[PDB]
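Okay, structure first, notes after.
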Amino acid sequence: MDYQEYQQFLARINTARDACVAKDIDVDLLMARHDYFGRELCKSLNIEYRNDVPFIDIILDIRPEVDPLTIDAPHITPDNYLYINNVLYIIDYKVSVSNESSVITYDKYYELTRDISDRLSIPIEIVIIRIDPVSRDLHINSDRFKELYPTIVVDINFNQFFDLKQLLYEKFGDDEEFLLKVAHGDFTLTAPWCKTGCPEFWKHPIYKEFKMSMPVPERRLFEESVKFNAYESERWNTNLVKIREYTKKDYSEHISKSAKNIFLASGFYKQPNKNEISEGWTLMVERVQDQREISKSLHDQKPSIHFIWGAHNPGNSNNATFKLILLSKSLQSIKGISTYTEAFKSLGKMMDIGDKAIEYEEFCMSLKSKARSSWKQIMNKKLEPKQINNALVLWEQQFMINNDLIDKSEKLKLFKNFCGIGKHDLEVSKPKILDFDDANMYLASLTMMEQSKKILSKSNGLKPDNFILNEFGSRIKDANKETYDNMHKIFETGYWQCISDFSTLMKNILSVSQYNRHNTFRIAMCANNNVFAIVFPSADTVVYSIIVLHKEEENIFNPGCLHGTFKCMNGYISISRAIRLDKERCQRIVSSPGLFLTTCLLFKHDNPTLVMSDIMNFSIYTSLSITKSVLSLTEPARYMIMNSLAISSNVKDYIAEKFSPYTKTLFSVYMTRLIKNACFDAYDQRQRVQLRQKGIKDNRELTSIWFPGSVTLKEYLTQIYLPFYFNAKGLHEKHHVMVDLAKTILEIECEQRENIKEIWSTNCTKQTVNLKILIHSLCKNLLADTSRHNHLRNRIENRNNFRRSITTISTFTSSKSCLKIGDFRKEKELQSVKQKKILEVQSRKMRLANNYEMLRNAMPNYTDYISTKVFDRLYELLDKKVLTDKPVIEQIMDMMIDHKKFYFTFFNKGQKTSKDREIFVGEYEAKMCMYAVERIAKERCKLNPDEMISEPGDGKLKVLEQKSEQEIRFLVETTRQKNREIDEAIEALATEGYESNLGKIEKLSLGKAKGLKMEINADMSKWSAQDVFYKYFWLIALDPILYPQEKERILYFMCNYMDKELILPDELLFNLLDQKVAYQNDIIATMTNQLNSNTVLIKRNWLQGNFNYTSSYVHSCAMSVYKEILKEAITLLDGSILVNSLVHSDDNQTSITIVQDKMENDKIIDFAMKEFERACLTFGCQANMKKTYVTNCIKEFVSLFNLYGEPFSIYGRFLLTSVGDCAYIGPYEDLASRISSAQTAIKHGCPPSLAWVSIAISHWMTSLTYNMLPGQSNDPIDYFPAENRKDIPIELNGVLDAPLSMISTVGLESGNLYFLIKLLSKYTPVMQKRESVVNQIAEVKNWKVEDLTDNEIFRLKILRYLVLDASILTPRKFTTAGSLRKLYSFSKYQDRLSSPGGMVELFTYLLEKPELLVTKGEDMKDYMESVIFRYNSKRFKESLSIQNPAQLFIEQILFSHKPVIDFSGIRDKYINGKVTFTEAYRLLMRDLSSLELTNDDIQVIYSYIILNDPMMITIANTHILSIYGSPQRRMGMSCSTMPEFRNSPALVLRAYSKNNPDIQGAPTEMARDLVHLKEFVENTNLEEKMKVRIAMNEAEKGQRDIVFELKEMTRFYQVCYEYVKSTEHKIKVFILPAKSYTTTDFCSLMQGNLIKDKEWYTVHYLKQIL
RNA sequence: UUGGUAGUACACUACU
RNA sequence: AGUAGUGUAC
RNA sequence: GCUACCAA
């Protein structure tokens, strides 16, 4: 270029300060380069350099004899032109590395010139002459133009333009307004996250391993790809395109070579058939018998259920004290001489009060009356046992184990041999199970089931009326009469009474066991006057034996836990074995009636074939399995049966390798059979499932699995997949799990260490990647995915808060576990000594019924650590100034370099699976690094159409549906196109003589096109443990949105992460060190150097959970190559194919649809499955062919189905959780937790009737928790003005009355909404009745408040004075702040207590910044102070101690008669010690006698609940204005998304508190928010209302009340926080009977769908629904 | 904080 | 006894 | 572990 021009540009660059000025430089730098090229080009072409000539000048140059006024010359201005030989060459110069500019220019110029061409007969050639400024190659489109100038030599250099453009861009590299302007249309960046890179990367051994293993050109291409800078390059994609083109040859060879395997394919793909199943079963038994200790003996059986049962005796009392006597005389009078009969007679004698009945009752009543006076426990007053006849009584139903009444070796017999207390080569023996495969052992199971059938299927003598039927039977019946009739059929049987009795007795056993002692036994009862339980001494878990009285002998339910039936005074007495269960398993039994009723009705649903008696017999044993045996069968059932009916599967290898029956239980022997039978039965009806849409019309052609009968496909899948959900959580033992996990991780590591060397390959070696195919696919995908969003790096920054402070991020301030490494020898040794002393104390005290320091010495290379809470580890790092309040990403970038050594540990999930899963726990700073990598991926997965782990909400279910609609349409129309010539030839030929000439009709109709659908439902194996981590190095390196600095640090981290060490936890080390015998081939010893170290180096296993987004993206890539191969292979058969593939971490749902005429379909299947496996292996995944299975109608994907187009789900899994899913806080709060399960089940397609049943079971379990059932102690019915429990409010443990449409949408808050809708529809005049909701509420002033019934007035008082500011009855517990020693931030809070006035300073800080009472705030100081303040809360401190739901459950029962309600906190919301539940009912009613409601109070209720909520106005409008069409049957359901009904809080509340909207942090729009906010303040008077509230308090108290000011400011600013916060719209997908488009559609569909099982109703509205 | 002493509190109670 | 287990536990 | 009391 020109010299003096360069000096001017170089000056403009130095003097520029704005980005607007810098942009103008860039514009002219580019135009200068364009001009420079043309001036040089024209010299080579030997033509006049014309600057920019209008088109009219061109015509006037070459054809003077033509009029400007007549011809309409196209309005363009070409850079040059050339007229020779009656041809006009219009010329345009370009300087781009791409010809996208050139093709726009060509098309514009070509299109316009056609019209003017015909009016002059001059042909026009549009010539674009491009030069690629980097290479310097020319590119010319016109074939005539190159025939004129065949040798163009523009010798030219652009280096001075790159030098200049560089200087400009280095100068404005951080100016984000520059990056915006400079940005092309298609791509935009933001400033670097760091200035320097990381040179220590390039020296790192793992990179050198990585590098050295690649071939040389790829090495250069990696280093080059790291160093790329999309902002400083000509175009963003050059490095990606450069690398795509280099790999293209090797890639398209691999695709073509792989596609031609279609012709090699035999067609003998792995199928299921009778032989495979028997061979699988026989190989399986061979394994199981080598692995277990088999037993053909029925006395080796363990309890199938931990209970024995007998019917009640209605000739006897059901009084507590009669029952106690009845048992005491029965035990003392046991006739005969058995091995334990002396012990039981003694126990009976030890509980013997004789005639002294009233003396017992009044003694017990007095002790109880003492405990219930106090909120806390009664301390320092000793419990003394009263002598009442032979019984020494410590408490109601607690009796001293008296030494006089039992020979002291019969006492030892009871404890040691019967209860196991203190009970006791080279090898350790195998686990013992029953021989499930032995036919005599099977018949014993078959017997037990037929024996249990006989007793339990008989009618109990009782009225079938219980809580569920009484309160909800009305609405269950209305939705479906059949399910009401079924409930009756269940409640009549002994089944239902047995399990109710086992539930109620267990509830009581737990209540009783709490305060049982080492020197006492206790007695539990139930409503059945013949069933009891003796709770033995714990010896520290719950020990017990069940006792049944009965008239005749063998007439008791014995599911394998009877010790013996004995003859006694009156009839017979049967006593169970001694059972020992942890409290978690016991809770499950309490909840079992809900499970049973739910299970029975669900299996029986809408099916006239099945017999209810047989269902109950199966369901009772499933509902009461609290033991591992059944876990071994329920989930494998899925794979065995589904593999058995698949088109392609591997039933042999699944059963052979994986299926491991664990039959300790006769019921599990019976069930293992039902599974086997079902595998064969599945094969036998394989053609009844697969095609030869019609899945919508569901007929009963399949054989039932678990009980005899006939079943539809939907009902058949529900039978296969539901059983898994009978599995309880927490059945595992930490002791055993920790070892199994530790050793499988180390086995995978040791295997890799010894055998797995090569990283790359070309023949699918185990644990390798095809390097060039990886590189090429990644390039194509990154190009594609980046292209479809231009601000991607910006999207990543905003959505994941990269720019904001670390303290504003929800995951970086959580209560999750978090590892930290350091020296903690003193803290851990002084824990050891404290638990030594306190164990020795309670050991020495227990003699009533008569180490860490070492570990460290044994481990020279130990690595100390301690787990803590994430927010606490953040506090710590901020305090020691390792972290700052700088933008999170900048600090993540520093951490990647700063944190060299990585450390992880694990704990056990306690999962419902047969083998328990591991959960990994890393350091805080490891979570910081992975955040960046994962959140980058996450946003790019959202752009990828295949990738679904990133799909928000329930979108998956709607995506499955849209694919199968698309695929069905493709199959049909594509088969119609390929046939129509043949179909017209045959159908026109078969008009004249359809019968005759049938040799010619089938001449052509064999050669017509064959349809083929196949659905691969795939699982992958060892997803995290056996990946090739090295492949992700390319994913980072190729990434155009990363700068080379960031890439360098990210890759350095990823190198360090492959050196990460796993810490075997101290719990596991103790267990292992305590082993007397050495373990044989001890993998844990091998990998620790004889337990010298507590760490093992883990390399290839990126730890499960950590890289799910990036791994899933690469899995999405493997499927793009699979699509490409299949597309080629089918074009070799001139066929048609559609391939879809959905990917979610290690789950896959690929869907092939093919039409071709050249080949047998079986060979195409054998091809597609082989190439599926290979596609996976070429990218480092391993498809698990024991679990993957192919159908042509059924897509399973992340436990969501699609059956012939129609979506389907096991809604039953959500219904089973409705029973035992709760935190145990209060009646409202617990019920709400349980109701949401029914809402989730509803949106997965639960029928209205079964949803009502579920809702009843929730109400039952909730009221049971706080002793609030009908007739019970805390039952509110008699304390309130109401004739039903649906008339009392839901907040005071009422019963929920609303339409199920309403409950689906708004939950418990529907209880009040509907009540207010009932009032409007009674107390507004008939003229106004036809109006919408806004007008009916406006008519509230003209209401006869006199006419309002008592009840309605009562409810409105609660809505006014209680509901509108916080779910009000809440038991408050007295418990301690257990185990906060670990928390760094807790000891700082403790120091702030010890400081003089230290807290008072902090409280006053938080009143001056009331923003922090309901946010965390952007500042560092603001985070740390708000943390220390939270420790002031009791509820927050109990959150950090590990929760225990069975204790939380049982404590909540026991304190239901104590005074646990703080009525001052309830009352002080209307003022101008503690109290019991029932007293709180009296005190609340009398407060309502001191209040009245005017017509303004009612208006205020309707305003807050209805009018100030768009959704509530809508839901109200729909119910009032709706009119229903006639009923109709559901014909195929459709997924529809629930629409949004609605229309910076941390800053806005700071801006509200101090009236400036001008804070160091983020304009006019945050001054607008304050004006919009102050509307809400002046309406409700809150600022000027709480001032009266505080001043009144401190005037009465006499001095300034600092804590009350905090509490009132909190509830003031918490009301402000719940206005200045948008409902971030979650995606909720609902299965409905038609498709929703509008918002009104969803409401009408919902309203019409959820009222009967039989049918659905269309719903319309008479006015608008907004 | 350690060392000592003496305690460590409650549901179901039902047409059966 | 019960719970757990081809890891010595409760 | 909690509670009351005592002793450094």
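If you go along the chain as it appears here, the first residue is 1 and each next one adds 1.
The way this entry was determined, per its header, is X-ray crystallography, 3.0 Å.
Including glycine, each Cβ sits where the backbone N, Cα and C put it.
The region 'Endonuclease' annotation in Swiss-Prot covers A:1-185.
Per Swiss-Prot, the feature Mn(2+) 1 binding site maps to A:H34, A:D79, A:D92, A:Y93. Residues near A:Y93 (Mn(2+) 1 binding site) in space but far in sequence (CB under 8 A, at least 6 apart, same chain), listed by position: A:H34, A:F37, A:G38, A:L41, A:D79, A:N80, A:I129, A:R130. Secondary structure at A:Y93 (Mn(2+) 1 binding site), taken from DSSP and collapsed to helix, strand or coil, is strand.
For A:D52, A:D79, the entry in Swiss-Prot reads Mn(2+) 2 binding site, with the evidence type experimental evidence.
Here Swiss-Prot flags A:1001-1189 as domain 'RdRp catalytic', drawing on sequence analysis.
Annotation comment: Swiss-Prot describes A:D1147 as Mg(2+) binding site, evidence class a curator's inference. A:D1147 (Mg(2+) binding site) carries a strand DSSP state (E or B).
Here the Cα atom of A:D92 (Mn(2+) 1 binding site) is found 10 Å from that of A:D52 (Mn(2+) 2 binding site). Unbuilt region (14 residues) between A:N1472 and A:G1473. Cα separation across the gap: 20 Å. Gap check: A:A1366 and A:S1367 flank 17 missing residues, and their CA atoms are separated by 8 Å. For the unresolved segment of 6 residues bounded by A:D540 and A:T541, the separation of the terminal Cα atoms comes to 9 Å. Under a cutoff of 8 A between CB atoms, and with a sequence separation of 6+ in the same chain, the neighbours of A:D1147 (Mg(2+) binding site) are A:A1018, A:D1019, A:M1020, A:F1197, A:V1198. Cβ neighbour count for A:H34 (Mn(2+) 1 binding site) (all protein chains, 10 Å cutoff from its Cβ): 15. Surrounding the centroid of the Cβ atoms of A:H34, A:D79, A:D92, A:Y93, where the record places Mn(2+) 1, the chain contributes additional residues within 8 Å, namely A:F37, A:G38, A:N80, A:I91, A:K94, A:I129. A gap of 16 residues interrupts the model between A:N850 and A:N851, whose Cα atoms are 25 Å apart. Look at the binding-site residues A:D52, A:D79, A:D92 and count other Cβ atoms within 10 Å of each Cβ; A:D52 has the fewest. Across the unmodelled segment of 9 residues, the C-alpha atoms of A:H424 and A:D425 are separated by 14 Å. Missing residues between A:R692 and A:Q693: 10. Distance between their CA atoms: 13 Å.
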